[PDB]
>>> print(open('target.cif').read())   # mmCIF, C-alpha atoms and all ligand atoms
data_start
loop_
_atom_site.label_atom_id
_atom_site.label_comp_id
_atom_site.auth_asym_id
_atom_site.auth_seq_id
_atom_site.Cartn_x
_atom_site.Cartn_y
_atom_site.Cartn_z
CA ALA A 32 -8.95 -27.95 1.08
CA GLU A 33 -9.58 -24.70 2.95
CA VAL A 34 -7.19 -21.81 3.49
CA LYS A 35 -7.54 -18.95 5.97
CA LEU A 36 -5.36 -16.09 4.75
CA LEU A 37 -4.67 -12.90 6.71
CA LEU A 38 -3.64 -9.48 5.37
CA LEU A 39 -1.75 -7.51 8.01
CA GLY A 40 0.37 -4.36 7.79
CA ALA A 41 0.47 -0.63 8.47
CA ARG A 42 -1.97 1.76 6.81
CA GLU A 43 -1.33 2.43 3.11
CA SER A 44 0.95 -0.61 2.91
CA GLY A 45 -0.98 -2.18 0.05
CA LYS A 46 -3.29 -4.60 1.87
CA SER A 47 -6.57 -3.52 0.26
CA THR A 48 -4.97 -3.19 -3.15
CA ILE A 49 -3.94 -6.84 -2.95
CA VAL A 50 -7.60 -7.67 -2.34
CA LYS A 51 -8.66 -5.98 -5.57
CA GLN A 52 -5.97 -7.96 -7.38
CA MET A 53 -7.46 -11.19 -6.06
CA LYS A 54 -10.87 -10.41 -7.55
CA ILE A 55 -9.19 -9.28 -10.77
CA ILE A 56 -7.10 -12.43 -11.03
CA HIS A 57 -9.18 -15.25 -9.52
CA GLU A 58 -12.65 -13.86 -10.17
CA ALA A 59 -14.55 -11.88 -12.81
CA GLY A 60 -12.41 -8.77 -12.44
CA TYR A 61 -13.94 -5.33 -12.96
CA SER A 62 -16.94 -4.68 -15.19
CA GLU A 63 -17.56 -1.45 -17.09
CA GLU A 64 -20.14 -0.34 -14.54
CA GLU A 65 -18.05 -1.41 -11.55
CA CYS A 66 -15.26 0.88 -12.75
CA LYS A 67 -17.77 3.68 -13.28
CA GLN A 68 -18.53 3.30 -9.57
CA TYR A 69 -14.99 4.35 -8.63
CA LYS A 70 -15.25 7.47 -10.78
CA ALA A 71 -16.17 9.50 -7.69
CA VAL A 72 -13.32 7.96 -5.70
CA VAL A 73 -10.76 8.81 -8.38
CA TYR A 74 -11.95 12.41 -8.59
CA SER A 75 -11.76 12.55 -4.80
CA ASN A 76 -8.21 11.19 -4.53
CA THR A 77 -7.10 13.66 -7.19
CA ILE A 78 -8.54 16.72 -5.45
CA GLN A 79 -7.34 15.89 -1.94
CA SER A 80 -3.82 15.41 -3.31
CA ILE A 81 -3.42 18.76 -5.08
CA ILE A 82 -4.93 20.41 -2.00
CA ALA A 83 -2.47 18.70 0.34
CA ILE A 84 0.35 20.01 -1.85
CA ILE A 85 -1.05 23.54 -1.84
CA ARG A 86 -1.66 23.47 1.91
CA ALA A 87 1.91 22.29 2.44
CA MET A 88 3.14 25.40 0.64
CA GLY A 89 1.78 27.38 3.59
CA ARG A 90 3.73 25.53 6.28
CA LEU A 91 6.92 25.02 4.29
CA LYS A 92 6.50 28.62 3.15
CA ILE A 93 6.85 28.03 -0.58
CA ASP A 94 5.97 30.63 -3.21
CA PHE A 95 4.37 29.94 -6.58
CA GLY A 96 6.33 30.21 -9.82
CA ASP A 97 3.69 32.74 -10.82
CA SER A 98 1.51 34.99 -8.65
CA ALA A 99 -1.33 34.24 -11.08
CA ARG A 100 -1.57 30.79 -9.49
CA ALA A 101 -2.79 32.37 -6.25
CA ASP A 102 -6.14 32.89 -7.98
CA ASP A 103 -6.31 29.29 -9.14
CA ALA A 104 -5.42 28.17 -5.62
CA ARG A 105 -8.24 30.32 -4.27
CA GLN A 106 -10.76 28.83 -6.69
CA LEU A 107 -9.61 25.29 -5.92
CA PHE A 108 -11.01 25.35 -2.38
CA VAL A 109 -14.04 27.38 -3.45
CA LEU A 110 -14.89 24.91 -6.23
CA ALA A 111 -14.23 21.97 -3.91
CA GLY A 112 -17.52 22.96 -2.28
CA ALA A 113 -19.51 21.47 -5.15
CA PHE A 118 -18.03 14.86 -10.44
CA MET A 119 -15.45 16.98 -12.28
CA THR A 120 -16.11 20.35 -13.92
CA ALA A 121 -14.17 21.71 -16.90
CA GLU A 122 -13.06 24.75 -14.90
CA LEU A 123 -11.70 22.84 -11.91
CA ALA A 124 -9.69 20.70 -14.31
CA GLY A 125 -7.92 23.77 -15.68
CA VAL A 126 -7.49 25.10 -12.16
CA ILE A 127 -5.68 21.89 -11.25
CA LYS A 128 -3.80 21.57 -14.54
CA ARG A 129 -2.44 25.10 -14.17
CA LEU A 130 -1.46 24.45 -10.56
CA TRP A 131 0.14 21.07 -11.26
CA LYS A 132 2.28 22.66 -13.98
CA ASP A 133 3.43 25.54 -11.78
CA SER A 134 7.08 25.19 -10.79
CA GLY A 135 5.90 26.38 -7.38
CA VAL A 136 3.66 23.50 -6.34
CA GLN A 137 6.01 21.14 -8.18
CA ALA A 138 8.83 22.08 -5.81
CA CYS A 139 6.53 21.44 -2.85
CA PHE A 140 5.54 18.16 -4.48
CA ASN A 141 9.16 16.99 -4.65
CA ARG A 142 9.30 17.67 -0.91
CA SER A 143 6.31 15.48 -0.08
CA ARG A 144 8.36 13.57 2.50
CA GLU A 145 7.81 16.47 4.88
CA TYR A 146 4.03 16.00 4.92
CA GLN A 147 1.25 13.52 4.18
CA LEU A 148 0.51 13.01 0.48
CA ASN A 149 -1.16 10.23 -1.52
CA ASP A 150 1.21 7.83 -3.25
CA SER A 151 -1.08 7.80 -6.27
CA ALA A 152 -0.96 11.60 -6.44
CA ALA A 153 1.39 11.96 -9.40
CA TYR A 154 -0.38 9.11 -11.20
CA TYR A 155 -3.73 10.89 -11.40
CA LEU A 156 -2.42 14.44 -11.81
CA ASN A 157 -0.06 13.52 -14.67
CA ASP A 158 -3.05 11.94 -16.42
CA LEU A 159 -5.59 14.66 -15.66
CA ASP A 160 -6.50 15.46 -19.27
CA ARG A 161 -7.90 11.94 -19.62
CA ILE A 162 -9.63 11.71 -16.24
CA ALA A 163 -11.15 15.18 -16.56
CA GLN A 164 -12.84 14.44 -19.90
CA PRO A 165 -16.64 14.28 -19.64
CA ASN A 166 -18.19 10.80 -19.52
CA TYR A 167 -14.76 9.43 -18.62
CA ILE A 168 -14.62 5.86 -17.33
CA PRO A 169 -11.83 4.67 -14.98
CA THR A 170 -9.42 2.03 -16.28
CA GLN A 171 -8.79 -1.06 -14.17
CA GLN A 172 -5.45 0.48 -13.21
CA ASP A 173 -7.23 3.68 -12.19
CA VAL A 174 -9.31 1.57 -9.82
CA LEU A 175 -6.24 -0.09 -8.31
CA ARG A 176 -4.70 3.34 -7.69
CA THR A 177 -7.58 4.52 -5.50
CA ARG A 178 -7.12 4.93 -1.75
CA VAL A 179 -10.13 4.06 0.40
CA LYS A 180 -9.97 4.15 4.20
CA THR A 181 -11.00 0.57 4.96
CA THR A 182 -12.09 0.08 8.56
CA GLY A 183 -13.01 -3.21 10.21
CA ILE A 184 -12.35 -6.78 9.14
CA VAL A 185 -13.08 -7.44 5.46
CA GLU A 186 -13.70 -11.05 4.45
CA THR A 187 -13.16 -12.17 0.86
CA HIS A 188 -13.57 -15.54 -0.83
CA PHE A 189 -12.05 -16.97 -4.00
CA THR A 190 -10.86 -20.28 -5.41
CA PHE A 191 -7.39 -20.89 -6.82
CA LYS A 192 -5.58 -24.12 -7.64
CA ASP A 193 -8.48 -26.09 -6.16
CA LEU A 194 -8.27 -24.22 -2.85
CA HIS A 195 -11.01 -22.26 -1.09
CA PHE A 196 -9.44 -19.03 0.15
CA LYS A 197 -10.90 -17.08 3.05
CA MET A 198 -8.91 -13.84 2.91
CA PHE A 199 -9.26 -11.17 5.61
CA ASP A 200 -8.32 -7.50 5.27
CA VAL A 201 -7.42 -6.37 8.79
CA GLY A 202 -7.47 -2.58 8.62
CA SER A 206 -11.29 -1.15 17.90
CA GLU A 207 -12.49 -4.74 18.24
CA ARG A 208 -12.16 -6.81 21.41
CA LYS A 209 -13.08 -10.49 21.20
CA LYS A 210 -13.31 -10.14 17.43
CA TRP A 211 -9.52 -10.34 17.31
CA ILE A 212 -9.65 -13.76 18.96
CA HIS A 213 -12.12 -15.10 16.39
CA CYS A 214 -9.79 -13.78 13.68
CA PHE A 215 -6.37 -15.26 14.45
CA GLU A 216 -7.94 -18.70 14.94
CA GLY A 217 -5.97 -21.26 12.94
CA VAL A 218 -4.60 -18.91 10.29
CA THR A 219 -3.12 -20.92 7.43
CA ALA A 220 -0.90 -18.08 6.22
CA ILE A 221 -0.20 -14.40 6.91
CA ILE A 222 0.72 -11.86 4.24
CA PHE A 223 2.39 -8.86 5.86
CA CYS A 224 2.61 -5.77 3.68
CA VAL A 225 5.37 -3.18 3.91
CA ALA A 226 5.60 0.09 2.01
CA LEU A 227 9.25 0.19 0.97
CA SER A 228 8.87 3.83 -0.09
CA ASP A 229 7.87 4.91 3.44
CA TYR A 230 11.48 4.76 4.66
CA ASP A 231 12.15 8.50 4.31
CA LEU A 232 8.82 9.74 5.66
CA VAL A 233 9.33 12.30 8.42
CA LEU A 234 8.69 11.63 12.10
CA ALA A 235 4.97 12.32 12.44
CA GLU A 238 4.96 10.19 17.41
CA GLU A 239 8.63 9.22 17.81
CA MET A 240 9.27 6.29 15.47
CA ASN A 241 9.87 6.36 11.71
CA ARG A 242 7.02 4.83 9.68
CA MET A 243 9.35 2.04 8.54
CA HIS A 244 10.39 1.38 12.14
CA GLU A 245 6.71 1.20 13.06
CA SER A 246 6.25 -1.50 10.42
CA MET A 247 9.18 -3.48 11.81
CA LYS A 248 7.52 -3.22 15.21
CA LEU A 249 4.35 -4.85 13.87
CA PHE A 250 6.10 -7.59 11.90
CA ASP A 251 8.17 -8.46 14.96
CA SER A 252 5.10 -9.25 17.07
CA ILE A 253 3.60 -11.21 14.18
CA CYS A 254 6.18 -13.84 13.24
CA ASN A 255 7.41 -14.21 16.82
CA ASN A 256 3.97 -14.61 18.40
CA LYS A 257 2.87 -18.07 19.54
CA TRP A 258 -0.38 -17.60 17.63
CA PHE A 259 1.33 -18.39 14.34
CA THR A 260 3.71 -21.25 15.10
CA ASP A 261 2.07 -23.29 12.35
CA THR A 262 1.30 -20.34 10.09
CA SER A 263 3.16 -19.64 6.85
CA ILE A 264 4.59 -16.13 7.21
CA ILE A 265 4.73 -14.25 3.90
CA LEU A 266 6.48 -10.88 3.69
CA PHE A 267 5.40 -8.50 0.93
CA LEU A 268 8.01 -5.78 0.55
CA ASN A 269 5.60 -3.69 -1.49
CA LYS A 270 5.74 -0.50 -3.56
CA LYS A 271 9.07 -1.48 -5.12
CA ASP A 272 8.25 0.80 -8.04
CA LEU A 273 7.96 3.94 -5.91
CA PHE A 274 10.98 2.77 -3.91
CA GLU A 275 13.16 2.26 -6.99
CA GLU A 276 12.69 5.89 -8.04
CA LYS A 277 12.80 7.24 -4.49
CA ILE A 278 16.12 5.64 -3.55
CA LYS A 279 17.96 7.53 -6.30
CA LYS A 280 17.39 10.83 -4.50
CA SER A 281 16.68 9.91 -0.87
CA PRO A 282 19.41 8.23 1.25
CA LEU A 283 18.39 5.07 3.10
CA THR A 284 20.24 6.46 6.12
CA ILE A 285 17.18 8.63 6.76
CA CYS A 286 15.58 5.40 7.96
CA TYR A 287 18.58 3.30 8.99
CA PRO A 288 21.43 5.72 9.80
CA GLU A 289 23.80 2.81 10.44
CA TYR A 290 23.45 1.82 6.79
CA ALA A 291 26.83 1.61 5.07
CA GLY A 292 25.62 0.31 1.71
CA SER A 293 25.15 2.46 -1.38
CA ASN A 294 21.86 4.12 -2.35
CA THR A 295 20.97 1.62 -5.08
CA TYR A 296 17.71 -0.28 -5.47
CA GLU A 297 19.29 -3.74 -5.31
CA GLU A 298 21.49 -3.10 -2.27
CA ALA A 299 19.15 -0.88 -0.26
CA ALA A 300 16.22 -3.25 -0.87
CA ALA A 301 18.32 -6.21 0.26
CA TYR A 302 19.25 -4.37 3.46
CA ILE A 303 15.60 -3.64 4.26
CA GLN A 304 14.75 -7.31 3.70
CA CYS A 305 17.27 -8.31 6.37
CA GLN A 306 16.06 -5.75 8.90
CA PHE A 307 12.66 -7.44 8.74
CA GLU A 308 13.79 -11.05 8.39
CA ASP A 309 16.12 -10.62 11.37
CA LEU A 310 13.14 -9.82 13.60
CA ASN A 311 12.47 -13.56 13.42
CA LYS A 312 13.59 -15.02 16.75
CA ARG A 313 12.85 -18.68 16.00
CA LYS A 314 14.90 -18.72 12.79
CA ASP A 315 15.65 -22.43 13.20
CA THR A 316 11.99 -23.45 13.31
CA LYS A 317 10.12 -21.05 11.01
CA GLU A 318 11.08 -19.62 7.62
CA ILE A 319 9.90 -16.30 6.17
CA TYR A 320 8.82 -16.23 2.53
CA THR A 321 9.74 -12.77 1.24
CA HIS A 322 8.61 -11.22 -2.05
CA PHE A 323 9.34 -7.82 -3.59
CA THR A 324 6.03 -6.68 -5.02
CA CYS A 325 4.06 -3.93 -6.69
CA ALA A 326 0.48 -4.45 -5.51
CA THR A 327 -0.86 -2.34 -8.37
CA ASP A 328 0.93 -4.56 -10.90
CA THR A 329 -1.49 -7.35 -11.79
CA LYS A 330 1.01 -9.46 -13.73
CA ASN A 331 3.39 -9.27 -10.76
CA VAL A 332 0.83 -10.04 -8.06
CA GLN A 333 -0.28 -13.02 -10.14
CA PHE A 334 3.27 -14.38 -10.27
CA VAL A 335 3.98 -13.69 -6.61
CA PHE A 336 0.70 -15.10 -5.32
CA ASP A 337 1.11 -18.17 -7.53
CA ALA A 338 4.41 -18.70 -5.74
CA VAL A 339 2.78 -18.22 -2.34
CA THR A 340 0.14 -20.84 -3.16
CA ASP A 341 2.82 -23.41 -3.99
CA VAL A 342 4.38 -22.81 -0.57
CA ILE A 343 1.03 -23.25 1.15
CA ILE A 344 0.33 -26.46 -0.75
CA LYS A 345 3.73 -27.94 0.03
CA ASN A 346 3.10 -27.15 3.71
CA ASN A 347 -0.38 -28.68 3.77
CA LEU A 348 1.19 -31.96 2.68
CA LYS A 349 4.27 -31.98 4.89
CA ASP A 350 2.07 -31.63 7.96
CA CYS A 351 -0.45 -34.43 7.50
CA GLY A 352 2.56 -36.40 6.31
CA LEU A 353 2.51 -36.31 2.53
CA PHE A 354 5.82 -34.62 1.80
CA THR B 4 -6.31 -2.50 18.42
CA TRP B 5 -4.97 -5.72 16.91
CA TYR B 6 -1.30 -4.86 17.46
CA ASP B 7 -1.29 -4.42 21.23
CA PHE B 8 -3.80 -7.27 21.26
CA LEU B 9 -0.81 -9.50 20.66
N1 LIG C 401 2.94 2.64 -7.03
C1 LIG C 401 2.43 1.75 -6.14
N2 LIG C 401 1.31 2.11 -5.47
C2 LIG C 401 0.75 1.28 -4.58
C3 LIG C 401 1.36 -0.03 -4.33
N3 LIG C 401 0.60 -0.64 -3.41
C4 LIG C 401 -0.41 0.21 -3.08
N4 LIG C 401 -0.32 1.34 -3.80
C5 LIG C 401 -1.22 2.52 -3.72
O1 LIG C 401 -1.16 3.03 -2.39
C6 LIG C 401 -2.45 3.09 -1.81
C7 LIG C 401 -2.48 2.03 -0.73
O2 LIG C 401 -3.80 1.89 -0.26
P1 LIG C 401 -4.27 0.49 0.36
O3 LIG C 401 -3.33 -0.62 -0.01
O4 LIG C 401 -5.67 0.18 -0.11
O5 LIG C 401 -4.27 0.82 1.93
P2 LIG C 401 -4.02 -0.30 3.06
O6 LIG C 401 -4.96 -1.46 2.82
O7 LIG C 401 -4.30 0.31 4.41
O8 LIG C 401 -2.60 -0.80 3.01
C8 LIG C 401 -3.46 2.77 -2.89
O9 LIG C 401 -4.05 3.98 -3.36
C9 LIG C 401 -2.66 2.13 -4.00
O10 LIG C 401 -3.07 2.66 -5.26
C10 LIG C 401 2.58 -0.36 -5.10
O11 LIG C 401 3.17 -1.45 -4.96
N5 LIG C 401 3.04 0.56 -5.96
MG MG C 402 -7.16 -0.29 3.65
#
>>> encode(input="target.cif", output="structure tokens")
Amino acid sequence: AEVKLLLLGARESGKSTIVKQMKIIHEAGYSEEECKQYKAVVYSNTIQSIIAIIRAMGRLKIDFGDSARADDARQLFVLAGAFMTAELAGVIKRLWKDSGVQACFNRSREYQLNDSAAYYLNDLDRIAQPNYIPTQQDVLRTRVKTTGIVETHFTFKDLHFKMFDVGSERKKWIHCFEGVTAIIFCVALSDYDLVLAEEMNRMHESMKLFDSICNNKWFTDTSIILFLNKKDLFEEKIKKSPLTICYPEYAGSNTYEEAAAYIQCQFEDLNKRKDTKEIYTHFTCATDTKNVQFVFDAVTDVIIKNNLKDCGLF
Amino acid sequence: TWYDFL
């Protein structure tokens, strides 16, 4: 009758994007004017990305493919101090096309860059147009630093969902893990080759979290769902970046199917009470609405079947 | 934070 769902995971793992998908799928969605509201966010995410790339060229010591880009780089920061002009667009277009910044871009594993960077930049002509209005996908691609607990309600298959986006508190934690029906833990598959910021690979940090989750006594009666997310970025990434960067003891081949399977085990093996509790793993793309719909529909079935079994119905 | 909390 009532379901308390919890979204846990490392930063930029897909938690908040899943939330948007819930409103898109089990609520109204996104109106014309709601999308217009993210226009500023989109422009922001675009600018900070190209900048991050350009900044990285300073550390990594990478030259442009044309000294004429030095001027555009200059103007980028200058113009940033002022929403999308027609001049800034060209400044970014010219930079994004330069073989110089493109080389630094393909080395984004050595610094912090937005995952939606290429998405926006490769579609700049459209976004930069005056009176442009963000598509629903554009909205999903945005990155917003969500802080604090974020409650969200929706009804699906005759169930009232109370979904919490956990992304500083003290006793507020206690009043959060109280009788959680199910936990959806998000993992960014593509974060396996991200450099050592700290002394533990991003992926290893995620395993750390998941370990404490499914093994904790708090969730002995909680359905544990594992969302191996960003499979789309991972599929392309694995072709050029060895999984051994994350797990050096990995003897498998650098294919999507095999490498993904390996990562699934590394997480599922963190389950100590394997005899008592099962982990429901899904390979997802949080920005893919059709996929999230399918995956969440599957999750709901699991939750229903477990609501019955308990109070003796199944 | 909520990690060490556990
Ligand atoms: N390509 C791709 N991008 C994703 C996926 N999941 C999330 N993203 C993007 O990565 C960023 C993740 O941000 P978000 O999920 O809101 O942060 P979190 O709540 O702290 O995990 C967003 O800008 C999304 O557009 C995915 O499965 N595939
Ligand atoms: Mg967030």
>>> interface_residues(input="target.cif", of="chain A", to="chain B", cutoff="8 Å", atoms="only C-alpha atoms", output="PDB file with C-alpha atoms, in the coordinates of the input")
ATOM      1  CA  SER A 206     -11.290  -1.150  17.900  1.00  0.00           C
ATOM      2  CA  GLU A 207     -12.490  -4.740  18.240  1.00  0.00           C
ATOM      3  CA  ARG A 208     -12.160  -6.810  21.410  1.00  0.00           C
ATOM      4  CA  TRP A 211      -9.520 -10.340  17.310  1.00  0.00           C
ATOM      5  CA  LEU A 249       4.350  -4.850  13.870  1.00  0.00           C
ATOM      6  CA  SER A 252       5.100  -9.250  17.070  1.00  0.00           C
ATOM      7  CA  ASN A 256       3.970 -14.610  18.400  1.00  0.00           C
TER       8      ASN A 256
END
>>> closest_residue(input="target.cif", among="A:129, A:180, A:192, A:248", to="ligand MG 402 (chain C)", atoms="only C-alpha atoms and all ligand atoms")
A:180
>>> residues_near_ligand(input="target.cif", ligand="ligand MG 402 (chain C)", cutoff="8 Å", atoms="all atoms listed in the file", output="PyMOL selection string")
chain A and resi 42-43+45-48+178-182+200-202
>>> residues_near_ligand(input="target.cif", ligand="ligand LIG 401 (chain C)", cutoff="10 Å", atoms="only C-alpha atoms and all ligand atoms", output="VMD selection string")
chain A and resid 38 to 51 73 76 149 to 154 172 to 182 200 to 202 223 to 228 267 to 274 323 to 328 331 to 332
>>> closest_residue(input="target.cif", among="A:220, A:307, A:130, A:156", to="residue 80 of chain A", atoms="all atoms listed in the file")
A:156
>>> closest_residue(input="target.cif", among="A:94, A:103, A:145, A:122", to="residue 235 of chain A", atoms="all atoms listed in the file")
A:145
